[PDB]
Structures are given as C-alpha cells and as structure tokens.
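Working notes for the structure below.
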4 protein chains.
Amino acid sequence: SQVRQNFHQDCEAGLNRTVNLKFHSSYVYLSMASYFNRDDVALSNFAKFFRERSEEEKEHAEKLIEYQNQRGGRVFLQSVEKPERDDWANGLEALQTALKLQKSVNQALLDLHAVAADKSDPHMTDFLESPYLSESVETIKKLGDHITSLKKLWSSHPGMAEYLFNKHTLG
Amino acid sequence: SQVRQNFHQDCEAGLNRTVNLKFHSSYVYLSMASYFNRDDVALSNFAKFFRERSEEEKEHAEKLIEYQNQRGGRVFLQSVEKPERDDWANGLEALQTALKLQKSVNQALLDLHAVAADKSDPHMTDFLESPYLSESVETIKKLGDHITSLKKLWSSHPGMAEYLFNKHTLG
Amino acid sequence: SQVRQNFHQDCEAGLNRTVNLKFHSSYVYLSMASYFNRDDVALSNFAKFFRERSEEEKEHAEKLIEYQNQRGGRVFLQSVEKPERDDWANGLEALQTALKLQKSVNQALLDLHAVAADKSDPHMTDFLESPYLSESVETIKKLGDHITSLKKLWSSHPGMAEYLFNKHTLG
Amino acid sequence: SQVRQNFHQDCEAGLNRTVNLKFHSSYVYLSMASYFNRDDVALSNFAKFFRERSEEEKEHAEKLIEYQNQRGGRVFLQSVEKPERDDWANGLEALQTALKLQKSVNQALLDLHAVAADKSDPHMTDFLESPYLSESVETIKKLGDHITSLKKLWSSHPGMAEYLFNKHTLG
C-alpha cells in the first residue's frame, strides 16, 4: 500500500482479530437483549441496556475496520461465532456474564496495545487509548456497580429485585 | 492591625480553631462520599449527598478565614487530621456518624458564640448566628429525619432499604 | 474488587500518595490567598489568583480519588500537613514559592506516570497525561512569565511593582 | 406615646446623640469631597469616594430618626458642628482621618448597642447589628486596605501615588 508506514504485520493481524472479537461481543449482547424481551422474562429496560451495549460494540468493530484502511492494512473478516447461550437465566446472571465479557475484551485491547507499543507505533497506541481503553474501564465500573446493587436486592426477593432494578436503575 | 477594634484574642483564637474543625468535617464527608462510590458499595446518591456536605463545610471554613481578616485578626492554619475511618460500613452507620459530627460542630459554634457574647462582640455573635448556627440546626433536623426513614426500611431488608432510600430520598 | 484489572498495587499506592500531595498544595495556596487579603497586605488580585490555584489543586485531588474508585483501587486518606509558612513576605516571594511548589508536584506526577508505564498500564498513563501533566507545564510557564514581569518592576520600586502588577497582570 | 413599649429613656437619648454623630460624619466627608474637587488638588475619584461616604452617613442618620419614631421615642435635633479642618492635606492624610472617624463612629454604635443590651431591648440590638455594625466593619476593612495600598505607592512618589490610586483603585 502506498499509504503504509510504520505499520507492522502483527498490528495489522491483531486488528483483524479484534474486530471479530467486537462483532462476537455485539452478538452476545443482542442475544441478551432478545432474551429480556421474551414474554416470559419481560424486563424491557434490561433489554434496552443490552441493546445499547450491542450497538456500541458494533460501532467499535466498524471503527477498527476503518482504522485498518487508514493505515494501509487489509481487512480480513472471519465468521462470527454465535453466543455461548440462548437462555440467560436472569438479570443478575446476565450482568455477571457481561462483566466477564467486558474484561476479556479489555484484556484483548490491552494485549493489542502492548503489540503496538513493542513495535513503536505511537499512532496506534494513541488510537487504542481513546476511546477504546477508556470506554472499557468506564463500562466495567458501571457493570460492577450494577451487579452490586442488584445483589443487594436479590437477597430479599429476586422477583422484586429484577422488577425494581429494571425500573429504577435501568429506567 | 490598624483595622482591629473590639476583637478579643480569645475570639481570634477560637476562630482559628473552628476553621480547622470545619476542614476536618469536610474531609470526613469527602471520605464518606468516596466510600459510597466504591464498586462494592455503589450508592451514588449517598455519595452525592456527602459530597455536597463536604463542599458546604469547606466553604464555611473559608468564610471564617475571611471573617478573621475582616476583623484584623491573623489566620493560623493547622494540619487537618484524616477521618477516623476509611470504611463507613453502610448508609445507616454513615448517616448516624454524620449526625454525631454535626452536633459536635454545632457545639463548637455555640461555644465560640458564648465567647463572643462574653467579650461583648455583637458583630461576631451576629456573624455566627446566620448562617452558621441556622444551617447547623437545619442540617441536624434533616439528618435526624433521614435516619428515622432509613431505620424504618432497615427493619424489613437493609439491602433493599439502602437501594430504595438512595433512589427516593437522596435522588 | 470485581472491577480491578491490570491495576498494580504500586500504582494504587502512588495514587493515594498523590491525592495527599494535591490537598497539601491546595492548602498552601489557600494560605497564600488569605495572606494577600490581610489589611496590611491588601493585594486582592494576588489573593484571587492563589484562591483559584487552590480550588484547581483541590479538584485534581478529587478526580484522582474518583480514578482510584474507577479502577477498583481503595482510597486511603492521610492527614494534610499545614503550609510551611503563615506569612508569605510579598508578591514576588509568593510567586517564587508557587513555582517551586508546581515543579515538585509536576515531578510527583512524572514519577507516578513512570510507575504506570513500567507496569504497562496505558489507561493510567493516558489519564495522567491529560489534563494533569498538561496543566502542570502550562501553569509552570505562566508562573515563570509572572515572576519575570514582576522582577522587572521590582528593580524600580517594590511597592509600586506589586500595586501595578496586581492591577494590570492579575486584574 | 401609645406605641412605646420596652423602650428605655437611655436608649432614646443615645439614639438622638448618635444621629448627630452621623450628621457630623456626613459633614466631614462632604468637606473632604469638596477639597478634592479643588483645581489645585484635582483628584475626582477621591472626591467621588468621599461624596459617597457622605451620603451613606446621611442616610444612616435618617434611618435612626425613623427608628426613634417607630419606637415611640421623640427626636431632638442638635446643631451640627463643622469639620475640624477645611484643608485635608492630601489623599493619604484624608484616608487616615476617615479611618479614625469610622472607628469613633463604630465605638459609638457599640456603646449604644451595649446600652440596649443592658436594658434588654432585643429589637434595638437587632436593629443596630444590621446594617449599622456590619457596614462599619466592612468600611473599616476597606479603608485599611486603601491606606496600605496608597502607602506602598507613597514611598516611591506621592505625586504619582495619588494620581495612580485615584485612577486604579478609586476609578
């Protein structure tokens, strides 16, 4: 590419691997959103929350593809594996799964950042820091807070816990 | 000081002692605010409430310093002792601690007022009455009310108590 | 903490040490502001300037506490040592002291940044760079400029120097 | 008087004595204002400043007369002695004289307040506290500040001192 400069093959490859990860996360959130809209689950604000997370992950994936093109790298798309589950049990289990998902995506971004740093690519480390790394920790803190609040309510009554949380925290 | 008139040394000293007390209270509230923002506590409106109390105590301290200068007294700042605890247990314990703190600060203001009265300084007694003494009793009444409401909820479920109070009273 | 990830103990500790430093700086500036409001000093714009510096240092301290919570670290507050002096001599001596203070705080931020870099924490190095490190150098340059201008005037008449500078540069 | 209640003869008399004092102060300030408007003095902002002080003292005198009537006391006006000087030397000497005048008026208000307190008249002590006692200390602090600033300039050149102060502080 006539545009390529100081762009290492490992960074190009890591980038392609990361967009797949982001699409997979988006897909997991979409599954969760759909689950909460089921007539036998009916937690509309949990659904809304996960739907928003889904769209955010999707937009990140698209921005990474755009970054690949900007640097003169070549995009290679892979199949997107379906979520690990189709039933997410309940609001608390879904939140806990999301925290685990967010931390694995954060680790992937940190690993990619380390590759860019090792290859001395300041443009890429800068790109990864904001907003990718920053949004990750913000989301992780938010999910941790949510889990704590829901757990407090859970100890009294799980049925009422989900209903009240859906209304007061997610509404 | 060319400006000094009817300003007794004991009032000057009491004033310096009181600004330290006010800074210490501010610091205690800041500690509480930070505690409620912890991911494992997550009561944002309790945090907000204590953050506001912190700023109010800080502004009072600054107004007392300003009063010292106005009367021709000389400000002497002392080290600000850290809060007695770093962990505040829960919303109810924090509220009860704040009531105790507010009453000790109120007593200090009453003692200072008595010194000013004894020395026949009507400018200072007037200054202390509004808004210092008035805000103290208003805050004390507010905290007493809060404690009563939270205790009512506590008897059912502490987890749900803090969650509901954080949302409905402090939100 | 369920939220903690890639957050080293040394960074957590350095953070707690830095908030204390920031509170101490705020306290030093407050002392200076109060000194310039004395009837026998009477340089209102110097007071205003240091009052603003005080509030800025305080807000930085609070943002660092907030950052600690975001990463899953635990805040530990220590006593805030009183300023080294209660009398700041004059406008020039105060400015020179502030430059020295700013450079020591800058060094602390640089040392903390180095710890974060050593531990491979890109989220923290990024956080420290803007606005902390950037504001430091901006403030340092501003103070250096002020000192130079005041020194030019000082050589003629210190009394007139402070009066004119208070009005034209700080006003 | 059908309206009189808890109004002691000594308070009534002190009130009449104080309105005369206030008229005399107003007259002194008027003399100063006129002096600074002389073609051979020509400090328009010093004149403006003293003119304002004159009007303030006059309005206080009128409010005290009004208070006398409100309580059922009877107003007795006495001759207003002319100022002690017709020539006020310079801006610094005038400022120093005003500080001395303000402190003597403040003492008179404090003495009157003490009489009201001794006679258990809370309506009168309250009336005297705001705005009379409060304005006195504010004015005293302001004059002390002004004197300090002008003295700083005086040490360099008195001619330039008055000119610059007239423009920058009083303008």
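The table for this structure:
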{"read-out": "Complete set of residues in the stretch C:82-102 that are within 15 Å of the chain's Cα centre (by Cα) and surrounded by 14 or more Cβ atoms within 10 Å (Cβ to Cβ)", "value": "C:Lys82, C:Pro83, C:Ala94, C:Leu95, C:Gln96, C:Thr97, C:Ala98, C:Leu99, C:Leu101, C:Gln102"}
{"read-out": "Test: residue in the stretch C:120-139 that is of a type outside the set (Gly, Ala, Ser) and closer than 30 Å to D:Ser155 by Cβ", "value": "no"}
{"read-out": "Some residue of the stretch C:39-50 being touching a residue at least 24 places away in the same chain (Cβ under 8 Å), closer than 30 Å to B:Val41 by Cβ and polar (S, T, N, Q)", "value": "no"}
{"read-out": "Qualifying residue in the stretch B:125-136 (condition: among the polar types (S, T, N, Q), more than 17 Å from the chain's Cα centre (by Cα) and over 16 Å from B:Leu15 (Cβ atoms))", "value": "no"}
{"read-out": "Hits in the stretch D:110-131 (condition: more than 15 Å from B:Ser120 (Cβ to Cβ) and either facing chain B (nearest Cβ under 10 Å) or assigned to a helix (DSSP H, G or I) (or both))", "value": "D:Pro122, D:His123, D:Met124, D:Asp126, D:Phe127, D:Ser130, D:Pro131"}
{"read-out": "Any hit, the stretch D:132-147, residues being under 30 Å from D:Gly73 (Cα atoms), acidic (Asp, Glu) and within 14 Å of chain C (Cβ to nearest Cβ)", "value": "yes"}
{"read-out": "Hey, A:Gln96 polar (S, T, N, Q) and away from chain B (no Cβ under 14 Å) or not", "value": "no"}
{"read-out": "Output for the stretch D:60-79, where each listed residue is within 23 Å of D:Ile140 (Cβ to Cβ) and part of a loop (DSSP other than H, G, I, E, B)", "value": "none"}
{"read-out": "Top-ranked residue of the stretch B:21-41 - restricted to ones that are within 14 Å of chain A (Cβ to nearest Cβ) and hydrophobic (A, V, I, L, M, F, W, C), ranked as farthest from the chain's Cα centre (by Cα)", "value": "B:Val41"}
{"read-out": "Some residue of the stretch B:42-59 being crowded, with 23+ Cβ neighbours inside 10 Å, among the hydrophobic types (A, V, I, L, M, F, W, C), assigned to a loop (DSSP other than H, G, I, E, B) and within 14 Å of chain A (Cβ to nearest Cβ)", "value": "yes"}
{"read-out": "Qualifying residue in the stretch A:65-76 (condition: closer than 26 Å to B:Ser34 by Cβ and over 14 Å from the mean Cα position of the chain (by Cα))", "value": "no"}
{"read-out": "Sole exception among (1) more than 9 Å from every other protein chain (Cβ to nearest Cβ); (2) assigned to a helix (DSSP H, G or I); (3) surrounded by 16 or more Cβ atoms within 10 Å (Cβ to Cβ) for D:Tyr163, by number", "value": "(3)"}
{"read-out": "Pair list, Cβ < 6 Å and 6+ apart or interchain, from the stretch C:62-90 residues that are in contact (Cβ under 8 Å) with a residue 12 or more places away in the chain and on the phi > 0 side of the Ramachandran plot to residues that are among the β-branched types (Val, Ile, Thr) and crowded, with 16+ Cβ neighbours inside 10 Å", "value": "C:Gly72/C:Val3"}
{"read-out": "Pairs where the first residue, in the stretch A:125-150, is in contact (Cβ under 8 Å) with a residue 60 or more places away in the chain and within 27 Å of A:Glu93 (Cβ to Cβ) and the second is surrounded by fewer than 19 Cβ atoms within 10 Å (Cβ to Cβ) and not β-branched (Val, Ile, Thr), C-beta under 8 Å, 6+ apart", "value": "A:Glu135/A:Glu56"}
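Rule-based calculations on the coordinates, nothing more; no lab input. Cβ atoms come from the backbone with ideal geometry, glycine included; neighbour counts cover every protein chain shown.
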